[PDB]
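Here the structure is laid out as structure tokens; the discussion comes afterwards.
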Ligand SMILES: [Zn+2]
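Protein chains in written order, with PDB author numbering: chain H, 2 to 49; chain U, 2 to 49; chain F, 50 to 98; chain G, 5 to 152; chain R, 5 to 152; chain E, 9 to 152; chain L, 196 to 269; chain V, 99 to 244.
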């Protein structure tokens, strides 16, 4: 009903942000994949 | 007679497909060829 | 890229076996953990390399 | 003139209940410290196995969640805090959740420490906090969290 | 309301019969584990030798099969299951062939094991299976094959 | 009859026994039998041991960590280790494929599910999809 | 039958390697783009391996999974 | 900046020994000295070690060769060990009486450290003059062999 307007900002300031270090752990995980094209030789042509 | 329509899919799902390993065997085989162009030197020109 | 080019492989870490003789600093000839080698190994882990 | 209290997502602490939900087929949501936040489900039908997905949203008619087999580990469940999908949501990402201990400024210009016991938000989205030892509710800007 | 039974291609097990067909000139079809599926023929005319082709289809008027000399090996025939071209065809690529042992669900909610003894298909292409110890016919979706 | 095997059906029970800390025994196909355990102390994690024989003055079990998968537990047979009997001395074990002649003298294939015995050691077998018993001689092992 | 005889064989064995030295061990990057904050990540190491011939140990006992391979689902 | 971080290991009569080598590139205006020292807290290096316990070491506490950031795996003849039985203070290890006569083996992570063995391509120079009140001299990065 009412018009959509951007409004004001909301993000507060942050100072002295520390970097993130990956934690060591013996537990299992899942490696997040990327699905895309794949490169391969033409082994049939190599035989020729 | 009746119109040709694509219809629904038929391929069932498959999970945990294992790769194929070539089997060792002392028996003979036939190597499937590729018929195409061939590259060669010009040995007559090399003599020159 | 690593997963694309690599080959599937089993990976096991290494650690000195307890069977090492404290005085000579050298191992027993045959124990389950290490079969004469002075180094034991952990359970396998799967990896692409 | 405010919205009713909004509940925090309870992490499931005991393995037995988690497996019990999983056997029933209720979806779990696991956060991995290293890689990502994932859903976990035991496969429907008789062909039983564990499945994992990264389609982190409610199953909308236009958002079909996709599953793939994975050998989930027991230790992964134990070490990583896990939630039930029906609770963990964007509906509340409160800065200081329930049971959090905070330092709050009192009327006598003394900073006392208290725990958040109830949470509700006004229509404008500001979170009202109920604190132990105090009657009224407190605002986020007034508060301070002391870490470690 | 169904199509008559469809026969499976019988692999030829004994070398003697295979050579006998080959001497008569009847075409063979060999599957190589490593490389490919090929046809084998002994040359027509008096100039006798073995020939190999990869033109895997019926000799249509617009599909001329082409032959080349090859020194076929006896061991290749023995180890690799071989068929007669007149049987091996796309006409049947049934998932569970005849003489296959399968696990099938019975009316009493018990999974019994039985062998397929007869095969026929309805007009819609669904394969009906006759099983030892059972009278009626069974459907592919109902069945399960246990391997090893 | 003989009660050499007491398989667990529900994984929930397995987890409950694991919480109790009792050792498990998990079968494998064409592979060595394994024992599984929950670690004690502050940190709880699954441990495994390739040592099957009973703890003794000359024999101590060796335990190590592992990221065990529920898929193995839910599928493979599981037992309480101390309650397990090493073998049941019969010609054809359970879940073994045999060829038998039905009541009308027609031959069918079947797998075995029964354990019955007299006090002399004479054994009888009841086939999956069947009711009556079959003797050691009547059944014939089906080759792979 | 072969009480006093010399037997000769040709055999196939699985490939195995051990780590003799680590080359170009640690490589680093402060990944920051499209992140809430800076993160540290370890890039691939390079390994110099040697084959196991003087001492040989059997392949490791891997815990198997009951999932059937090449399984069809519906 | 650091390149070609290498863990060269020599197997000797005296034992195994690590002689790693690496190449560093520095900032401007910094003068480095022979046998200076650098340490990288962020990077961790794995090591393995074994020690034998006796009636005296158990009370004094084991003196560790390497340093420590955290422990990964502990084991002895009796198997693994748990946090309730071992503690570490000031880079030395204490154990309870249960392991009076035993051999303890460990896998450990330690922070990375380098020292300067030689200075390569020491000093590089430039008379920067553009957009300056006057000419200025600046020292370009040195390269270090660690
Ligand atoms: Zn040893």
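Cβ coordinates follow ideal geometry from the N, Cα and C atoms, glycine included.
Listed along chain E are 78, 79, 82 and 83, each with a C-beta nearer than 9 Å to that of residue 53/G. Here the C-alpha atom of residue 266/L lies approximately 21 Å from the C-alpha atom of residue 69/G. Contact check for residue 170/V against residue 205/V passes: the beta carbons are separated by less than 7 Å. The shortest CA-to-CA distance from residue 13/E to any of 25/E, 102/E and 81/E is the one to 102/E.
Judged by beta-carbon spacing, residue 47/G lies beyond the 7 Å limit of residue 29/H, meaning their Cβ atoms are not closer than that value. Scanning chain E for C-beta atoms nearer than 9 Å to the C-beta of residue 180/V yields 47, 48, 49, 50 and 51, reported in chain order. Considering only beta carbons, the part of the region 8-26 of chain H lying closer than 8 Å to chain L consists of 18, 19, 20, 21, 22 and 23, in chain order.
No Cβ-Cβ contact shorter than 7 Å links residue 182/V with residue 156/V. Here residue 135/G carries a strand assignment [DSSP, helix/strand/coil]. Listed in chain order, the non-local C-beta contacts of residue 146/V below 6 Å within the same chain comprise 205, local neighbours out to five positions each way being set aside. Residue 58/E has its Cβ no nearer than 6 Å to any heavy atom of ligand 1. Fewer than three beta-carbon pairs drawn from the region 106-117 of chain R and the region 139-149 of chain G are found closer than 8 Å, and the two stretches are therefore not classed as touching. For ligand 1, residues qualifying as neighbours are 66/F, 68/F, 80/F, 82/F and 83/F, where qualification means a beta carbon closer than 5 Å to at least one of its heavy atoms (chain order). At a beta-carbon threshold of 8 Å, the residues of chain U lying near residue 49/H are 34, 35 and 37, ordered along the chain. Under the three-state reduction of DSSP, residue 25/G is assigned to helix. Contact between the region 132-150 of chain V and the region 251-261 of chain L is absent: fewer than three C-beta pairs spanning the two stretches fall below 8 Å. Around residue 257/L, the beta-carbon contacts reaching into chain F at under 9 Å are 59, 92, 93 and 95. In the three-state scheme derived from DSSP, where H, G and I count as helix and E and B as strand, residue 195/V is classed as helix. Contacts between residue 235/L and chain V, judged by CB atoms closer than 7 Å, involve 140 in chain order.
The three-state reading of DSSP puts residue 95/G in coil, since its state is none of H, G, I, E or B. Shown here, residue 57/E sits in a strand according to DSSP, grouped into three states. The three-state secondary structure of residue 75/G, taken from DSSP, is coil. Shown here, residue 120/R sits in a strand according to DSSP, grouped into three states.
Contact with chain V is found for residue 218/L, since one of that chain's Cβ atoms lies less than 7 Å from the residue's Cβ. Here residue 155/V carries a helix assignment [DSSP, helix/strand/coil]. Secondary structure of residue 64/G (DSSP, three-state): coil. For residue 214/V, the secondary structure class from DSSP, reduced to helix, strand or coil, is coil. Apart from the 5 residues on each side of it in sequence, residue 80/G sits with its Cβ closer than 8 Å to the Cβ of 34 and 36 in its chain, given in chain order. By the rule that beta-carbons nearer than 7 Å mark a contact, residue 266/L touches chain U. Annotation for residue 55/G: 44, 45, 46, 47, 71, 72, 73 and 74 place their beta carbon closer than 8 Å to its own, counting only its chain and skipping 5 residues before and after. For residue 225/L, the residues of chain H that pass the 9 Å Cβ criterion are 20, in the order they occur in the chain.
Neighbourhood of residue 254/L in chain G, by CB distance below 9 Å: empty, with the nearest CB roughly 20 Å away. For residue 140/E, there is no enclosing alpha helix (DSSP H), since its DSSP letter is neither H nor E. The beta carbon of residue 234/L lies closer than 6 Å to those of 226 in the same chain, with the five residues before and after it left out.
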